[PDB]
Structures are given as C-alpha cells and as structure tokens.
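So you can see what is in the structure, the chains are spelled out below.
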Amino acid sequence: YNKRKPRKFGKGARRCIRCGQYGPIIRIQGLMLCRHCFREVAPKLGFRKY
Amino acid sequence: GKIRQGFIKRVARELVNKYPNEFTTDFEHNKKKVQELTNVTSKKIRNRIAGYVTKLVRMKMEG
Amino acid sequence: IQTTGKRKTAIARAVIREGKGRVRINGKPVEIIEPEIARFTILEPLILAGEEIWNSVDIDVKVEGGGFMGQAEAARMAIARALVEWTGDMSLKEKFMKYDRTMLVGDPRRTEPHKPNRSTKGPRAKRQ
Amino acid sequence: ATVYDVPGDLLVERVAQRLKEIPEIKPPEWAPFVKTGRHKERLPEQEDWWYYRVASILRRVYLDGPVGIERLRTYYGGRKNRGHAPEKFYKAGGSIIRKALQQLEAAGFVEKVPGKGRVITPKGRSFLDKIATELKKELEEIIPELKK
Amino acid sequence: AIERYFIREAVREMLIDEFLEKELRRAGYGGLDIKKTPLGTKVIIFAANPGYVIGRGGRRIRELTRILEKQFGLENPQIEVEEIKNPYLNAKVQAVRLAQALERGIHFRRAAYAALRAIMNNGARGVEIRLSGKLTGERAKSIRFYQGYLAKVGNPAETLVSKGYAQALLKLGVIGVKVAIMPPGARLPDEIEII
Amino acid sequence: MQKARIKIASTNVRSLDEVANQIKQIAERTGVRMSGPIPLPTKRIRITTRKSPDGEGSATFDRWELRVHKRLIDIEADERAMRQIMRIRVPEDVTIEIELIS
RNA sequence: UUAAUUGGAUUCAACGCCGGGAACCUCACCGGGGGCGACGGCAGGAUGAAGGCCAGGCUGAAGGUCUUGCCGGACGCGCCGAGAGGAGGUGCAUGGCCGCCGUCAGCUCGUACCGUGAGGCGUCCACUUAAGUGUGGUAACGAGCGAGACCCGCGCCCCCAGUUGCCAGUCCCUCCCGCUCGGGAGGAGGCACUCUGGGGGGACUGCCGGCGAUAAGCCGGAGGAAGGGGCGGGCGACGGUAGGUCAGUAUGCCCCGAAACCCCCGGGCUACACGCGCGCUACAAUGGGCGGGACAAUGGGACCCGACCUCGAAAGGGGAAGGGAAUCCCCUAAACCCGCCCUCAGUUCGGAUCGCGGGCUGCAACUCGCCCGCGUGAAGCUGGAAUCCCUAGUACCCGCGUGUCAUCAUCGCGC
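What is the right way to look at the arrangement of the chains in this model?
Once contacts are tallied for each of the six pairs of chains in contact, the highest total is for chains A and F. At the C-alpha level, the nearest point of chain C lies 21 Å from chain E, with no contact between them. Separating chain D from chain E is a minimum C-alpha gap of 26 Å, and the two share no contact.

Below, the structure written as structure tokens:
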C-alpha cells in the first residue's frame, strides 16, 4: 500500500535529479534538473555565457 | 568619448624614447614596429597604439 | 560572368552571358512578376544602363531566402554588379552611384536579436 | 513557351475551363456539401470551385514534381480565426485533393512514384505547354514585350 | 543523438563531483577527471590528502569503487588519487580548508588572515576572501579581506580568476565563505611587455 | 574503390584541430588520397532560464550555450592507412566515429 | 463564499510573478481511509509471526476491519529515552541566489601634510568624456576595484576546405513543347558562386580643413563596406535596501512523534454582486468572401519525426519508406497582390453564449481539456480624468519555431 502509483506522465512522473523537486525540470536532450539546480552546474557541464 | 585610454598613452612614450629613429609618420610602418617591439595580441589595441605613436612622431618634428 | 547579391537574408546568384536580352528570375520572365513594385525594383538598374546593353546580353538570376521584396532587391543588386562587370565602364558605374549608392555597395542592415521583457514584440519593446 | 512564361492565375483559369470538357473530372457527390478546408469559414462560392482545384493541382505537379497529399495540404492550407484567440495556420483537408488526384490518375495526365508522390506524364506536359503557348501568343499581341 | 550523449556524460561527471565532495570533505578534495577506454572508465581524483582518500589498507577507495559502478552505472571504475601541485592556488581547496577551520572554533579574522598570508606566500597575485553570516552577533555581517591585484569583472575575471565557495557549520548557523584567487602565471589584456 | 568516412565531433576547437592535423599528417606519410577536413555546421545548444530563484523582482533571463563543432574527413582504402588511426591519442572531449562507404 | 478555495508577493522594484501548464500526481487546503514510528532500555519471545490469505460483512475498495481458520517458519506487541520525516513556523536567525539604488561614477588605500579631535587633502578647480575619461593648475605624491580594456555575434576582403550547394561551365543521354530560333525538366558531369567553418586582413581622429592653451579633446570633409566606445550583446564594484526566498537544495532555534511522519480515494486549489493588474479579440470598407501566385528564418525530431500510400467532409483511423541528422521529417508559410462576388448596415464584421453528433490524450475530463460539422451567436459602432513604450532595421503589423508539453497558449524565450 505504501508504494507510489507509477506515473509515466504528469508533473509527478519527472523529479529533479539533484534536488528532487516536482516543479520546473528542463528536459532538453536529457538533463532532468530543477531550474534552480541548473545554474550551479551549467559551468561544470561546459556551458559558457555569450 | 574618443578619449585614448591612459595605458596606450603611457606605452606610446617609451617606444618614442627607446627607438625614436625606428618610427616615422607612416601608420603602417609604426604599426609593424609596435607589433614586433611588443607582445600585443589585440589588433584593435595594436592599431590604437600605432595611431598615437604616429601623432607622437608628428609632434616630435613640429616642435 | 558571375555576380552575387545579399540583402537581409535573401541571396541572389546572377550569371550574365552574351545573348538577345532575355532576363530571367528563377527562370521566370521579368515582365510577368506579379508584385509590380518589386518588378520596378528589379527593372531599375538596366533602365539607366540602356536598351543597348539590355538587348546585348542575357541574364539569369536565382534568388533564395528572405522575402519577395528582399529577393527583388537582391536581384536588383546582382543585375547592377553583372552589368558593371560585363561592360567594364565607369560611366554607368557613376550613373548608378548617383542614382543610388546601395546599387553597388548594398545594405548590410540586419535584424537585431529580440531581448527579454516581452521578447516577442522586439528587442526594445517592454510591458506597460 | 512553357507554363513559366505566363501568369499563374490566367493559366489556371484556362486549364480549368479546358478540363471542364474531359469526363474523367467529375465532382463527387459530397463535393458541393464540404468546404475546401478546415481553415476556411464560409463554403466555396462558385460551383466551379472543384475544377480550379484540379487545374491548380496539376499546375503544382508541373513545378514541384513528386508531391504527396500532405505537401499539397500544407500548400492549400491557410490562416484560420480562433475567435478571441489569435489566428493560426492550418493545413487543408485531404479528401478533396485525394479525389482530384485519383481522378487525374484515372485521366492519365499524372502518374504515381511510390514513396515519393505523384508526377506529371508527358501527355499532361504537352497539354499544359500547349495552353501556355496559346496564352502567351495572345499576350504577345496584347503585350508586344513577350515576343522577346 | 550525440547531443543527448555529451551532456549526459557531463551530467554523470558533475554528479560524481558533487557526491565525492560530499564524501571527500575531510580529504580536501580538489577535483576530478574522467577518461574512457574500452578497458573501462578511469577516474582521476585530485585531493589535498591522497593518504586520507586511500584511508586504511585501501578500505576507503574500494568502497568508493563499488558506488561508482553501482549508483552511477560506471563500467569498471579505475580510481587514481593524486595531490594538487599547489593547494594555495586552488580556490576550492582553500575555501573548504577555511570552512573547516572556522568549524574548529578559530576566530575568523585570525584564520582568514593566516590563510590569505599563506596563499600570498605561495606566489599568489590576488586573493579575496568574503565571510558572510553570523560572525560576532546574531545579526549577520559580510566582511571582505582582499590583497594584491585582482580583476573582478570582464572576460579576464571569468577566464583567469578561480572561485571557490564553501559553507562552515556552527552552533548558531552557517557561514558562507567565498574565495577568489588570481594565479600569478596569468597576464592581463593591457599588460604589454616592451623589448 | 572503397572510402572511409571519419566524423570528429568536439566542443573544444583546438582539440578538434589537433586530431584533424594528426590524421592529415598520417595521410601523406602513408601516401594515400585524403580529402581535406570539411567543417560541417557547428551545432549551438541554447538554454534560457530565469535568473531569479524566487519570483520577486524584475524578470531577468540567462542564456547558456554549447557550441559543438564537427569536421568530416574522407580517406581512401589502404589497410596500412586505416591501421594507423586507432593508435592515435584522442583527447577525452573529442569523439571520433568511423564508417565505411562503398 | 466555501469544510477548503494552501501560502508568498504591494508603487517605482507584487498582480501571463513563485506556479515555467493543478483531472491523480504537483499538494502545502478540506473530508475520509490505511500503514508506520530507526536504534537502545522495561516487558515479551518461539508455545510461533510481525505479514499475507480464501467465503463474506463492513469498507468507495483496500485480510484495512472483523467471523472463520491456515500459513508464513521466524523473533517482534505495548511504555520510556530517542527517532526518521516535516512544503510546520521564524528571510528582522542564516548561507546561496536574485531584484532595485545602478552598466550609475562610485568606492578605497600606502605615505605625506592640516586640525586638540571628530575628520580634511589626494577624491578639488577650468575645459572635455559615456565615464574618479583625459589635458594644465593645485599640499600632495602613487596604487587598487569600478569605467575602459577583455570575450561573443553581425557588418567587408583574402587564404584554405568541399558528396552543403550547381541547366555556374561541362563531352553526353532521356523527355516536353517550340514560333524549329529556342527554352524547361531529370540523369551524366564539376567545383565555379553561395553556403559551409579554421586562420588572417579590413577602421586607427588614419589623413585634409577648422575649433579648442598649440595639449586633452571637439566639429566638418574625403577615402572607405564599415567611423569615431562601427553595430548588438555578455562582464554590475565597495555597500545599502533586516528588499524576496529557509515553498528547490543547504542550515540556527522552536514544534510536530501514531502525528504537522508516510501511503490511498474524492473534492478543492477553476468557485463569484464585485473593484484592480497585464494581455487577447474586435468595435468593419485600407471591409467580408471564392480562386490563384511568388515568397523565410530560428529550432526540434526514436516510444520521436514520420515523408509516401489508403479510408473518412474534418477532427482523425490504418499501412508506411527514410531518418539518432548539412543528406529524411516537422517544411509550408502569414502578412502581400491579382481575377471576381457581397456592398456602410450592431450588419457579413462581432462572436461571447448555449444544444446535438463525431474525433483526440490519459485508467479516469461533470466539477475540470482540446479539436471538428451544424444551429444560436450577444455586448461591442472609437473610450473622460490619467498614465504606458519606443529613436532604425528600431516601433507598428505579420505569422512561425521552441520551453513547459500524452492533451492543454491568448503565456515566456527566439525567429
């Protein structure tokens, strides 16, 4: 009874890799990161500002 | 604001001091000579320094 | 002889050879292009070139990108460059220069990127 | 002279009136009771609207060569009003041009290249360039400059 | 999809970095590098004390060697540990060191000034240290100690100045530590040498 | 005749140039026709995200970018020539994919 | 108003904001149901399960609950210490981040000197600058951060590179017509041109004239593709705002322990006489409509794009090549015009609104989705006080791509 039901779709389906929040997750080519989480790791990923 | 930066004004004077004979009123000649006598990577800075040392050479002989 | 013309995004490739006078845009006759204002922009340079040069050479221009006004302007650009190269005369060069400086220089104008604060409406538009 | 040497609208009109003759082209029983596209709001005005479509379609085959149904649907599509919401572009319906193209295939002017669409037979090319030559000959007298 | 692959590898990489920094906090962890061969993934870890990373009889590293293969699905993680050639030139190492020092109850001014002086004595060109939070009272303050030449904006600041952020935990709360270092080997855009 | 096609993709420009130069220098040493490296379009991944972690204040946006470059090298069929390319030291950030077209 | 419409945000700097999409999930509200509470001590244990299990009743239902009796073959009821978890509170407890002062010209410092000292100078004055930008004087001499420099793209040339692109030219072949001159289509054929992208050059008050102490600098002119920070971006300092956020992570203090822990169903977060904020569509003649034509770019594409074929009027159903991307797909545009029809009227515009049928996503759209065909289809006929944005490919107008996305846009970012 304690198992969450399997949601392939909806906000519940996707959770941030880092912080686990169910809110804004960027999925452009497979990030799965919370929008807050993106800013602190983008430089590590190789992202540069221009 | 057209004002030449302080640092190019500074760097121009020691070229004229050290090798006054190696610079003329020709902009391209001075451009090559400051290109080789320095280690400037920025072409824009090279051109700025050339355009000011040209005026320095001009002022040397006008008085 | 080959010539090139760029306007905004439209790019027109022009080829000029000895011929009766047939001028084609994308392989289409000049006199039939529906937008009449664009027809006039395309017809502008060889008007001042003269009917002799018109009827001494054949021209094919193929244009891609941009819109119909941009395409017509690119063809107008390429026609003038082709004419001044074919004839190799500075008199008509100065004639076009006097009529329009962009005739042989061209417009390097480009669209600025849109910026935030209601970006959809333009670089500078903002909310109320 | 080819189709390229005449205006699109005049050649389309001429092809439509000529193709009115051929019995292969006949409106289906559902044609008068269906509008040409989802984007369109009011039904087609003229009862000739079928033939102009066919005359249009063949012309596209004269130019775009191997073309499928969806590409024509995108071409014949248009802008549609979404009420208070802003307008948006939509593709045209498929059945109308499908019936027109299948009648054309029955008429023998066009053929099918599987996996690539339908193209124009030599007979259709001769028909179209004949019409274009007549139209250009007329416009040469009206407009001398086309003799060039 | 090559695009889906490259940043997926980067995702794995800085996830490993985050987890390892969480684990190797006492080890003075410096940084990481990943190189693939058919033989496996080879991980190269720079730390201020590879002796601690090895731990005791390899008991530490072996455990880690499991997790990389387990949590992140890394095929044959071959771990190597090395020492940074100058920890005083790495902003992150000094930041973690200072945060740990503050966690030991040292007065912030003394520890910060000793660290800054040591970094300068290691050949640094510019050192800035900012401590923010509860330092000498309930009300939080921000205090900055800077020394030397240190560009702080423009591309040269981004391309040359090394930044390190850390947090120090204490009974009253958390102190945020930021450190910026200007390695001497770099040259400014306007630095022209005559000949 | 058989042709070997090498796709070299990397974010770092200089590493890509180094690997291409290495292949080129191998080419004429092996004396085999090697079509010059054609630089295909560079793909630009762009991501725009709000700066503000919360919702208060002005709305500001940050646009982060990756430029991934790609060059194509076509070489001819000589087993000695295509033997000398697994021995190349390849940097981590550069990915090479080699296929064989008839 | 509601059992509940979870909370934050208050002018500049809250109100298409956090919410960057609420049918479940999001979730923090409300109602109901169910399971626990690590690890120690007290007691028990195994004599057998703590957990599931038929047939039922309750239970929306769920061996959840109990009647019944099994397993299960292994240690876990209850009380205490203490938990785990907390989207529970406190952004005047904090870190980090972000907005605004402000891409504003500022902020400082070593020494000297002045005042008993708080402090003053440098950092001031005339001119100039976008600028603590620079020129001369100056009780100050020098330096740092900031500005600038720097980096990205666009603008023109050259070099290289070609299976991107080519009736460039090209020997040749096939087909269509031809007014027999010729033209077009496809192959064959080449790297020309474009594009493609690595390197370099091009613009520097560079020169002429003038103004300005002749300096700094300013103005006009020419050359030039390009002028004076070339154009557009990124880079926001010391500090302040106890500005917002501990409601994404971190984390102080307090509290919650069969709950403020965890799991399941439903409703709700949509409810409205109302005011306010930002947008959408119009308030028709440059109007409305049928036919036709030429026209782009950015990005995205494997539970995907899906060409192409077939059926259906459409919404869509089936099959389906090829594509993990310069090569296949989204892909084609809209605004534009021409030919013709209706012909200044709340009407043709205007469609809110409501009924029927059909299609689509999810297990589920009545609360609370979209799309399609038909029917109805109103208010709306130019808006007082007041205030908003913008200065060149910019504003307006036009559509498109994309983020969130199974479906949801009138939203944001970008073309």
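Still to come is the rest of the account.
Hey, could you run me through the interface of chain B and chain E in this one?
Often, the extent of an interface is quoted as the loss of accessible area upon association of its parts. Listed as interface residues are 11 residues of chain B and, on the opposing side, six residues of chain E. Considering only the side of chain B, the residues that lose the most area to chain E are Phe7, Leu37 and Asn39 of chain B, jointly responsible for 55% of the buried surface there. Counting every contact that joins chain B to chain E gives zero salt bridges. At the junction of chain B with chain E, the criterion picks out three residue pairs in polar contact. Contributing elements (two or more residues each) for the side of chain B that touches chain E: α1 (6–18), α2 (27–37) and α3 (43–62) of chain B.

Looking at this structure, how should I read the state of the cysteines?
Defined simply, a disulfide is a covalent bond joining two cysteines at their sulfur atoms. Residues and elements named next belong to chain A. All chains considered together, the criterion is met by one disulfide over all chains. The side chain of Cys34 participates in a disulfide bridge whose partner is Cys37; the two sulfur atoms lie 2.0 Å from each other. Since a negative S-S torsion denotes a left-handed disulfide, the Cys34-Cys37 link at about 100 degrees is right-handed. By relative accessible area, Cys34 is classed as buried at 1%. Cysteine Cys16 remains unbridged, with the sulfur of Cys37 as its closest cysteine sulfur at 3.5 Å. For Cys19, which is in no disulfide, the shortest distance to another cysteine sulfur is to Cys34 and amounts to 3.5 Å. On the basis of relative accessible area, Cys19 is assigned to the partly exposed category, the value being 43%.

Would you mind going over the side chain of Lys70 of chain F with me for this structure?
Residue and element names in this part refer to chain F. Position of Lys70 relative to the elements: it lies in strand β4 (residues 61–76). Buried and unpaired, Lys70 has no salt bridge, with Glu99 as the nearest side chain of opposite charge at 8.7 Å. If we ignore the near neighbours within four places in the chain, the residues touching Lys70 are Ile6, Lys7, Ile8, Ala9, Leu16, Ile38, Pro39, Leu40 and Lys43.

Sorry if this is basic, but what is going on with the protein's contact with RNA strand G here?
In the vicinity of RNA strand G there are 206 residues, among which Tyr1 of chain A, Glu34 and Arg118 of chain C together with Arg42 and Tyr75 of chain D approach most closely. Of everything in RNA strand G that lies within 4 Å of the protein, sugar and phosphate atoms constitute 80%. Note that a phosphate oxygen of RNA strand G is positioned 2.4 Å from one of the side-chain N or O atoms of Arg71 of chain D. Contact distances for RNA strand G include 2.6 Å between a phosphate oxygen and a side-chain N or O atom of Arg118 of chain D. The dominant element in the surface near RNA strand G, judged by the number of residues it contributes, is α3 of chain B, at 11 residues. Residues of the surface near RNA strand G, tallied by class, amount to 56 nonpolar, 57 polar and 93 charged.

Got a minute to help me understand α1 of chain B in this structure?
All names here are of chain B. For α1, built from 13 residues, the straight-helix expectation of 18 Å at 1.5 Å per residue is met to within 8% by its first-to-last C-alpha distance of 19 Å. Of all the residues in α1, the buried ones are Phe7, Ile8, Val11, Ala12 and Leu15. In a view along the axis of α1, the buried residues occupy a sector of 135 degrees, so they form one face of it. Exposed side of α1, more than 90 degrees from the buried face: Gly6 and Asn17 are the residues found there. The secondary structure elements touched by the buried residues of α1 are α2 and α3.

Reading the values: rules and limits
- Residues numbered from 1 in each chain as written, not as in the entry; some residues may be left out.
- Chains lettered and ligands numbered in written order.
- Part of a larger assembly, values for the part shown.
- Heavy atoms only, no water.
- Contact = heavy atoms within 4.5 Å.
- Buried area = accessible area lost by both parts, 1.4 Å probe.
- Salt bridge = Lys/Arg side-chain N within 4 Å of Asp/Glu carboxyl O.
- Polar contact = N/O pair within 3.5 Å; in protein donor to acceptor, adjacent residues only side chain to side chain.
- Helix = DSSP H or I, 4+ residues; strand = E, 2+ residues; numbered from the N terminus.
- Disulfide = S-S within 2.5 Å.
- Buried < 20%, exposed > 50% of the residue type's maximum accessible area, 1.4 Å probe, protein only.
- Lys, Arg positive; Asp, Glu negative; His and termini not counted.
- Near = heavy atom within 4 Å.
- Nonpolar A, V, L, I, M, F, W, Y, C, P; charged D, E, K, R; others polar.
- Expected span 1.5 Å × (residues − 1).
- Arc of directions from axis to C-beta.

Geometry only, nothing functional implied.
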